[PDB]
Each structure stands twice: as C-alpha cells, then as structure tokens.
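Q: for now just these chains, pulled out of the complex without moving them:
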Amino acid sequence: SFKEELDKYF
C-alpha cells in the first residue's frame, strides 16, 4: 500500500 509507494518514490 501507500507507505511503500512513498518509500519507493523517495
């Protein structure tokens, strides 16, 4: 979910 999308994006 979204926490991992933030991790990948940053």
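A: On my side now, so go ahead. Numbering: from 1, shown residues only, chains lettered A, B, ... in the order given.

Q: ok, which stretches of chain A are helices?
A: For chain A, applying DSSP state H gives helices covering A:2-9.

Q: where's residue A:2 relative to residue A:8, distance?
A: From residue A:2 over to residue A:8 the distance is 11 Å, taken as C-beta to C-beta, to the nearest Å. Yep, even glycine has a C-beta here, placed from its N, CA and C like the rest.

Q: find residues that contact each of those two.
A: Common contact partners of residue A:2 and residue A:8 (C-beta atoms under 8 Å, 6 or more residues apart in numbering): none.

Q: and residue A:5, how many neighbours?
A: 9 (other C-beta atoms under 10 Å).

Q: typo on my end, it should be residue A:4
A: For residue A:4, the neighbour count with other C-beta under 10 Å is 8.

Q: repeat that for residue A:3.
A: Residues lying near residue A:3 (other C-beta under 10 Å) number 6.

Q: next one: residue A:1
A: 5.

Q: build in chain B:
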Amino acid sequence: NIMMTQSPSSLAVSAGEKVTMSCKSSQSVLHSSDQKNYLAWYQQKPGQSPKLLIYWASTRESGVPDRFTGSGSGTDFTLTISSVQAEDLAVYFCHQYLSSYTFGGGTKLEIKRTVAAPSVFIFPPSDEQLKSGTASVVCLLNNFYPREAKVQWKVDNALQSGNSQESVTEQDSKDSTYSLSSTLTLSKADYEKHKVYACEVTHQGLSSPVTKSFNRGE
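A: If we add chain B to the chains shown above, we get the following:
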C-alpha cells in the same frame, strides 16, 4: 488512510500557563527503516502559512523556541507549550507522513487576558459614496476583551434591524484583544431623512452602554 484526531478542539489559557494538546493516529506511524515516528506538528498563526515546529514526533525544527516540545509514540502524540506567550495564538496541526499524508483537524489555542472595554468610533458615509446613491455608516469597536460585544444602531433613537452587518477580527498576537466593525447600509434617500446616527455598544468592560453618534451633515 491513517486518520489523525486532535483534541481538544480549542483551548484558552493566560500567558505563562503550560498547555498540552493531543494527536492520535488510527494506526502506527512508525517507519521501520529508520525507526522514526513520521509525525510532524505545525503552527498556523492567523493569516499566515503553516510553520513546521516538530518532526519525527519529538525533534524540534531549527529556530523553533524551546518552549515547544513534541512527545509520544505508537498512536498517541502530544505537543506541549511549557509557558504560553501571547504570540503563540494559532491553530496547531499534527501530520503523519508514513502513508498518504494526512493532518489532524487542529487545536485552536486562544489567549485569556484581563477585561478591556472597547474604544468606540463612528464614521459617516463618505461624500463620494453618497454621490452614488448609498450611505454606509460604520461603527468600530477597537481592542476589547472578551470577544462578546453587542452593537445596536439607532437613527433618531429608533432601533434599527435588518440593515447592518458586522465582523470581528482574529485575536491580536500582541495584546490578545479583538476588534469589531459594524456597517449600517441605507439608501441615500433614507439616510437624508434623519439627523442623529448612533451606535450603542454593550460589553463586559462597560457598566452601561456607550453611545457614539453624529449629526448628519455637520
């Protein structure tokens, strides 16, 4: 999404008092790779943009006074202001950034101070406005506390209804007072039918109503 809940909705303290406010997240905001709670606090003074105070739940941002301290872990966070100053009036928001960013609904910190009666002023319509067919008469109540105040408009001692609007300022960041402006709006034709235009003001700091008035065209 992670839901952020702040309490209380508002609170009011005198300068020098300690305050605490709560922020609860609906799930953990702990980021595993760095073992940091991805939780920030912001201060938003009236008319300004938010200012970052705290991040990682408890690390104070550079330049933030040390009276502001963030604490907590898991789902329960706290912002403490150790000794509130008059300029700390603001809405304080928490923010989680572990997942899709969400904010709490804010805690509004208001300041308590001694009673201050309003200074009252009245303004006739400008000649420029009159030439255009309308008369706006303005009554100003300056720098009073607490915020509750009542204005009544009287025209040759007749109480008016239905033809005025008012608004009150945010609290002042230096003296903790409020001010209020009321506008009575009439047509030019009605304005010219009467002599005495009066604003009558009631407030805790006054033992009897104060009236400020003018005589039209004088």
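
Q: ok chain B is loaded, check the neighbour count of residue A:3 again?
A: Using other C-beta atoms under 10 Å in any protein chain shown, residue A:3 is surrounded by 15 other residues.

Q: my guess is it contacts residue B:101. True?
A: No: between residue A:3 and residue B:101 there is no contact, the gap being 10.9 Å when judged by C-beta atoms under 8 Å.

Q: the residue most distant from the middle of chain B, which is it?
A: What lies farthest from the middle of chain B is residue B:33; by C-alpha atoms, centre = their mean that is 41.1 Å.

Q: strand partners of the helix or strand containing residue B:167, parallel vs antiparallel please.
A: Assigned by DSSP states H and E, residue B:167 belongs to strand B:164-168. Applying DSSP bridges, strand B:164-168 is found paired with strand B:178-187 (antiparallel).

Q: list the buried ones in the partner strand?
A: Neighbour-count burial for strand B:178-187 flags B:178-182, B:184-186 (criterion: 16 or more other C-beta atoms under 10 Å in any protein chain shown).

Q: which residues touch that strand?
A: The set of residues external to strand B:178-187 that reach it, using C-beta atoms under 8 Å, 6 or more residues apart in numbering or on different chains, is B:118, B:133-147, B:149, B:151, B:153, B:160, B:163-172, B:197, B:199.

Q: cool, and stretch B:190-200?
A: Stretch B:190-200 has contacts (C-beta under 8 Å, 6+ apart) with B:120, B:122, B:124-125, B:130, B:135, B:137, B:139, B:151-157, B:182, B:184, B:209-216.

Q: what about that stretch, start to end distance?
A: Separation of the first and last residues of stretch B:190-200 by C-alpha to C-alpha, to the nearest Å is 20 Å.

Q: what comes into contact with stretch B:56-70?
A: So stretch B:56-70 is contacted by B:29, B:36-39, B:41, B:43, B:52-55, B:71-73, B:77-85 (C-beta under 8 Å, 6+ apart).

Q: can you rerun that using 7 Å?
A: Contact with stretch B:56-70 is made by B:36-37, B:39, B:41, B:52-55, B:71-73, B:77, B:79-83, as judged by C-beta atoms under 7 Å, 6 or more residues apart in numbering or on different chains.

Q: put this one in as chain C:
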Amino acid sequence: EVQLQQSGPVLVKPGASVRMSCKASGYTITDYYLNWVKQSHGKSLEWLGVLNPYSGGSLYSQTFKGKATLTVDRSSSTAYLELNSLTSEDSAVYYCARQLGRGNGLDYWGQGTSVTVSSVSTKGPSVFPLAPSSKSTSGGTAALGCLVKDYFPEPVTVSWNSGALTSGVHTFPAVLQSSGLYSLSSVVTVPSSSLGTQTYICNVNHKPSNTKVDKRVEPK
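A: With chain C now in place:
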C-alpha cells in the same frame, strides 16, 4: 532567505481548469521535493501530492489522482499545479511546501493561492474613506480607515502607506452581503496631534478584478 512565491488569487467557473505557480528562491529548487496541500475555510488541511523538481516525477494522493497535475520548469525555478474539472468543492487555498526527503516535515510553505470556483462573475470594489472626525477620537487618538465595498471573490488585500504603517491596523474579515458580494473595512488608530502632518493612504488590491486603488484618507 528561502522563499516560495505563489501566484495570485483567481476566480474560475465550474468545469474549467486552473494552473497556479510556485516559484522557489533562496535555494536550489532541485534540492527539495515540493508538496501541494489544500486548506478549506482557513483550517482543514488535505494533501494533494508531491513532485521532485529534479526528475519532474510526482506521487499523488488517490483522492487527487487524475484531478491534479504537478509539473516543473527547472529553468525558471517554478513548480505548477493544474486542477481540472473544477467544482465548487475545489474552492480553497492551495499551498506549496518543500520537503527535503522522505523522513522530513514540510519545512517551508508558500503563502498560498486562493482559488474560488463559482458561476458568479468578478467584481472590483469601490473604496471609500472612513474619515477621522470628532466622533472618531478616543483620548488623543483618531481612528481612520477605508471601506472596500461590493467585490467578488475574496480576497482583497489592504496595506497602509505602502506597508510602512502596520501598527494599530485592523483589516476586518469580509462580510457576505445579501447581493452575494463582499465588503470589508480596514482601520487604523493614529495620534490626533499629527493628522495635519502625516498622510494616510490605504492601498487596496483586488487581483481578480484588477483593482489597485490608493485612497488618501483625510479629516472630514
């Protein structure tokens, strides 16, 4: 000093699109991410998404996916937010806010861009003096002001003496008149002793109607 300078307030019709800007100065724009955050009614904050000025790539809240578009012009150090298919519910102040990296807070925010979505047309205010008189004195002080009447949408900005007069100013929240137009007043208290030597001018700006009015306020 770091600054994020956002474009001015705008009125747009339902169904239209709008693009607003956020210009970074005092730092290299590619050194920090840029977030966009909506504020409704001066309080509730809602995140739209984040852009990386170096790559130009963005990550959006699911709420704004396909509704918001983040872009950047690295040459002019300027980020952009475009919103499409606008509804009344999109009226808000939109902030841009820098974020150094994943773990950081939003450390510096622009001043916000107010977007009003409405079928009502823009209207610029009339500006009238609130002239000091014998009935606007309180113990050696005089109150004076400007009435900024009949405009749409918010906001109006008022300064005094081009920003050199700020002490004792109260610029009141606007009121919504029955007509659907706004009115506000801005007042200041000054010494009565110097009304003849000092000059007081309110500078009124209503960007949506191109109103820039300076009004000299003198004793009646």
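
Q: chain C added, so what about the neighbour count of residue A:3 now?
A: Neighbour count of residue A:3, defined by other C-beta under 10 Å: 15.

Q: does the strand holding residue B:167 reach chain C?
A: Yes: against chain C, strand B:164-168 shows contacts by C-beta under 7 Å from any C-beta of the partner chain at B:165, B:167.

Q: pull the distance from that strand to the chain's centre.
A: 15 Å (C-alpha atoms, centre = their mean, to the nearest Å).

Q: please list the residues of chain C that sit near chain A.
A: Taking C-beta under 7 Å from any C-beta, the part of chain C that reaches chain A is made up of C:59, C:101-102.

Q: just the buried subset of the residues you listed, written out for PyMOL, thanks.
A: To isolate the buried subset of the residues of chain C next to chain A in PyMOL, counting by 16+ other C-beta under 10 Å, use the following:
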select buried, chain C and resi 59+102
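
Q: endpoint to endpoint, stretch C:151-162 covers what distance?
A: End-to-end distance for stretch C:151-162: 21 Å, by C-alpha to C-alpha.

Q: pick out the residue of chain C closest to chain A.
A: Minimum separation of chain C from chain A (C-beta to the nearest C-beta) falls at residue C:102, amounting to 3.6 Å.

Q: so which bits of stretch C:89-105 are buried?
A: C:90-99, C:102, C:104-105.

Q: and what of stretch B:193-208?
A: The neighbour-count check on stretch B:193-208 (16+ other C-beta under 10 Å) flags B:197-201, B:203 as buried.

Q: could you dump the residues of chain C next to chain A into JSON lines with distance to residue C:68 and secondary structure added?
A: Output for the residues of chain C next to chain A, formatted as JSON lines (distance: C-beta to C-beta, whole Å; DSSP: H, G, I helix; E, B strand; the rest coil):
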{"residue": "C:59", "distance to residue C:68": "11", "secondary structure": "strand"}
{"residue": "C:101", "distance to residue C:68": "22", "secondary structure": "coil"}
{"residue": "C:102", "distance to residue C:68": "21", "secondary structure": "coil"}
